[PDB]
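To start, the structure itself, in structure tokens.
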Amino acid sequence: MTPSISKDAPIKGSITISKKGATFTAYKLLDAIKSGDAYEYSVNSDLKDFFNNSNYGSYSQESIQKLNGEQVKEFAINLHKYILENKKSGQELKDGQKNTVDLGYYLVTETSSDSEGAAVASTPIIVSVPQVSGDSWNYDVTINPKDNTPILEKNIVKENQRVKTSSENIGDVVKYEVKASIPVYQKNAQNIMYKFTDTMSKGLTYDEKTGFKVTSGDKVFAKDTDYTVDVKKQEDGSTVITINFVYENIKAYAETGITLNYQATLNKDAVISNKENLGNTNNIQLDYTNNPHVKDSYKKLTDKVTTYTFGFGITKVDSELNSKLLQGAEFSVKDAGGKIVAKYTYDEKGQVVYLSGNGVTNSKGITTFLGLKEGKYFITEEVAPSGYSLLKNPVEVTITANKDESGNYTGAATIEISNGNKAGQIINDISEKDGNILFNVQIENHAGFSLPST
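Under our numbering, the first residue of the sequence shown carries the number 8, and numbering increases by one thereafter.
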């Protein structure tokens, strides 16, 4: 039993819909016409053909009045299929506005290719104007889009925590975890894109053996059936990894989303510095379908983490003459705990090569120890340069990593002698031609001297 129609009722109504950047289209299926104390319906000519059509659910006019919750959604789809299938035009509804429409029965769909934010396209809506509210009619109706908004994050997994930034020794692993939503669409939707693009900077080597573990809550997904993995080495050194999904296989797992577990190893080509820098990055991008019925309608979510490392050179000099540079002196570097680290050094050319033993001082008295995270390290003179005594104690250094208000590494760092060995002293940073920047520990050696005989 419909409510009574006021003598002051307007001839036109309105549809207000709120979704920024989006455009909706209203298709009038029935005109509402007043007779006595009720609204009667007569079909729109243009959409007359939808009625009693085989490949559209073959709906009659007398079938709309009685329809189930789902039978309405089905009806909506069919009607949408017809509109698209026969390239039917409609009225465009602008956002955040009162849209004046004729009284009747509408299908409303999101028809714009793009929209603000991350949300995918709204599902097709069936609305009438006016619509019943208690003992009256509401001629100014509102519709809130039927859509979802996906999220994406990338995190480094360090010590059972999730951080946007970290520090490691070259040769060690950086574990990555990606959390992402699985967007949902209507059922009559095809050619859905769900595709990750991960970019690792040259300092990171993707661990191809471990690979990707693709997971939705408890479900483990299968490579080459649910997704492909595509790894391409770039000319600049970076690695682009594309994980393209068969959306149909993850469709039913939207509740728990997608988790990606994978790792890289920080390599000898890493960014080594003590200034604020971009570091050794991992970028993840997710490209997904926005509106499944408008060609080339896609959106994009991005996130990124970075890993930093540091290093120091040793300038070996004479005790009395700091000007004199000592060659052939050999040094070992141990961390706190006594284990040997910094198994990478600079070439006589400027290339980063493996360091299989002690660091031997240049003809300019220099050796470099690369790929060290912040902490306390012990520099020990293993072999003295020809004609010199041996340092009786290690030169202890402590590297301190700069952090930001949020507690994230910035890539900047400082270093100091932390055991008070006066044989050592922090001098000017070494700037490599490849862009790297090293700390510089100058260490003095005492030359032997013979005493006069009669």
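For every residue, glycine included, the Cβ atom is placed at its ideal position computed from N, Cα and C.
- Taking the Cα of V164 as reference, the smallest distance to any Cα among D179, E184, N151 is reached at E184.
- When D225, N106, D342, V367 are compared, the shortest CA-CA separation from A391 is found for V367.
- When DSSP reads this structure, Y201 sits in a beta bridge with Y295.
- Shown here, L110 sits in coil according to DSSP, grouped into three states, outside any helix or strand.
- Positions of the beta strand (DSSP E) runs, each at least 3 residues long and wholly inside the segment 115–140, are given as 132–136, 138–140 in order along the chain.
- Here the alpha carbons of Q270 and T217 stand approximately 7 angstroms from one another.
- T314 has its alpha-carbon roughly 19 angstroms from the corresponding atom of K383.
- Taking the C-beta atoms as reference points, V238 is found nearer than 7 angstroms to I248.
- Restricting attention to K186, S96, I444, the CA atom closest to the CA of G357 is found in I444.
- Looking at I321, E47, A126, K306, the one whose alpha-carbon comes closest to that of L37 is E47.
- If you keep only unbroken beta strand (DSSP E) runs of at least 3 residues inside the segment 193–255, you get 201–207, 211–213, 220–223, 234–240, 246–252.
- By the neighbour-count definition (other C-beta atoms within 10 Å, threshold 16), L333 is a buried residue.
- The Cβ neighbour count for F456, taken over all protein chains shown within 10 Å, is under 16; the residue is labelled exposed.
- For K182, the enclosing beta strand (DSSP E) stretches over residues 180–187.
- Put simply, of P299, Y66, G28 the residue whose alpha carbon is nearest the alpha carbon of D102 is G28.
- Taking C-beta atoms under 8 angstroms as the contact rule, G286 and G418 qualify, at a distance of about 5 angstroms.
- Per DSSP, reduced to three states, the secondary structure at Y305 is strand.
- Per DSSP, the unbroken beta strand (DSSP E) holding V448 starts and ends at 444–452.
- Taking 7 angstroms as the cut-off, the beta carbon of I133 is found no closer than this to the beta carbon of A196.
- According to the DSSP assignment, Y46 belongs to the beta strand (DSSP E) that extends over 46–50.
- Boundaries of the beta strand (DSSP E) harbouring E388: 382–390, taken from the DSSP string.
- Residue state for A419 is assigned as strand, using DSSP reduced to three classes.
- If the five residues before and after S21 are omitted, its C-beta is found closer than 8 angstroms to the C-beta atoms of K105, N106, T107, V108, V136, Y146, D147, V148, all from its own chain and listed in chain order.
- The residues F31, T32, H87, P131, in chain order, have a CB closer than 7 angstroms to that of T116 in the same chain once the five nearest residues on each side in sequence are set aside.
- Judged by DSSP in its simplified three-state form, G364 adopts coil rather than helix or strand.
- Spanning the alpha carbons of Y113 and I24 requires a straight line of approximately 14 angstroms.
- One alpha carbon belongs to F376, the other to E337, and they sit about 12 angstroms apart.
- Under the Cβ criterion (8 angstroms, minimum of three pairs), the segment 266–285 counts as touching the segment 197–213.
- The DSSP-derived three-state label of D56 is helix.
- Contact between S129 and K26 is confirmed by a C-beta separation of about 7 angstroms, below the 8 angstroms threshold.
- When C-beta atoms of the segment 165–184 are compared with those of the segment 302–319, three or more pairs fall below 8 angstroms, so the two segments count as touching.
- By alpha-carbon distance to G431, the top candidate from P10, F385, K346 is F385.
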